[PDB]
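A lone chain, given as structure tokens: the form deposited in one PDB entry.
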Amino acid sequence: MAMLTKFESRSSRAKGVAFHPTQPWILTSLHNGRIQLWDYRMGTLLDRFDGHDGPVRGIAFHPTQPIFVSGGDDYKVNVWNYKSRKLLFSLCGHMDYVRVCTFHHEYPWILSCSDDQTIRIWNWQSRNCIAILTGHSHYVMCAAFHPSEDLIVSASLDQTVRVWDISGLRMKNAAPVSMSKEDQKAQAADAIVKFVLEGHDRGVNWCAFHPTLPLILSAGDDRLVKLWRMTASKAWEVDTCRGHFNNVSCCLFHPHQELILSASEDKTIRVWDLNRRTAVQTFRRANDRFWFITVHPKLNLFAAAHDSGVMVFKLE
């Protein structure tokens, strides 16, 4: 397989990247605390955003609203409007580095996870934290909403991947209620762990759902990428991709081909077969560790963050 590079930015270490759903943009979140907005069709720098102190690992666009969210080592989950170019507010509550932040595709929610061993769900309209998911016993390195089901998957340095049922939280946060102002409490099961996936012998750095199949991918400091399957009642390990020679920082499913992608501190991006879990192709940079990979929500277009910036590319 061949990599067709479409855009590269050279910079100090990049940690996160996010594709805009409809515009030819990527947000890049940097170790230096800044966030860049690039047009990858023209190679132009559209804006730069400075609202964090220290590295910013979390970064995502809302799918339809003119918003993006960022999460930093300063513990804040920041919500911005990219049209007015301004920081709207900070969501505070995490007590250690924020590792990932994303928006839900339908509900007015933001998902964040943190080294404080928690996953938080926020309602970005009310600006409240509506759930704190506890149960991991070390840093939560990744969390993700399922694309069609009321599930979250999370990965932790406790060596586990957890699947959480948030159907209760959805029912409760959506239910309309009338409120008598004078009759409120004077300072008065939503998310339940469904599966705990055990198998990695070291910390887990990343987890991903497949967009249409009941599969989970996870990757970690054991240099392995694992494939898991789930039903309504069970979840189990299917197989392992073996080949990386250093920590695997990120992994994802190719949304339109039977392929798995992973990215590693071994300075490679690897492609594997979804059915055989054998190697298909290895792409290497000489001096740059990879920290993150993502795929466009519709196009076969990928982006990777590494020690010297970001790249946007197609595959053969």
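Shifts are known only where both forms have a C-alpha. We call the rigid core whatever largest set of C-alpha positions still superposes within 1.5 Å between the two forms. Note that residue numbering follows the sequence shown and begins at 1.
The form solved in complex with a partner chain exists for this protein as well; it is not shown, and the discussion that follows is about that form.
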**in the deposited bound form, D115 touching its partner chain (heavy atom, 4.5 Å)** = yes
**Item:** its partner chain contact in the deposited bound form: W291, any heavy atom under 4.5 Å
**Value:** yes
**Prompt:** Does its partner chain come within 4.5 Å of any heavy atom of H136 in the deposited bound form?
**Reply:** no
**Request:** Tell me, yes or no, whether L157 is in contact with its partner chain in the deposited bound form, where a contact means a heavy atom of each within 4.5 Å.
**Result:** yes
**Message:** I need to confirm a contact call. Of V225, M141, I166, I110, which residue comes within 4.5 Å of its partner chain in the deposited bound form, counting heavy atoms only?
**Reply:** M141
**Fill in**
its partner chain in the deposited bound form has a heavy atom of only one listed residue within 4.5 Å, and of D96, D190, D239, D150 that residue is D96
**Asked** Tell me which of 192-200, 81-89, 96-104, 127-135 has residues with heavy atoms within 4.5 angstroms of its partner chain in the deposited bound form?
**Response** 96-104
**Prompt:** Lining up the core, where do at least three residues in a row all have CA moves of 2 Å or more between this form and the one not shown?
**Reply:** 168-170
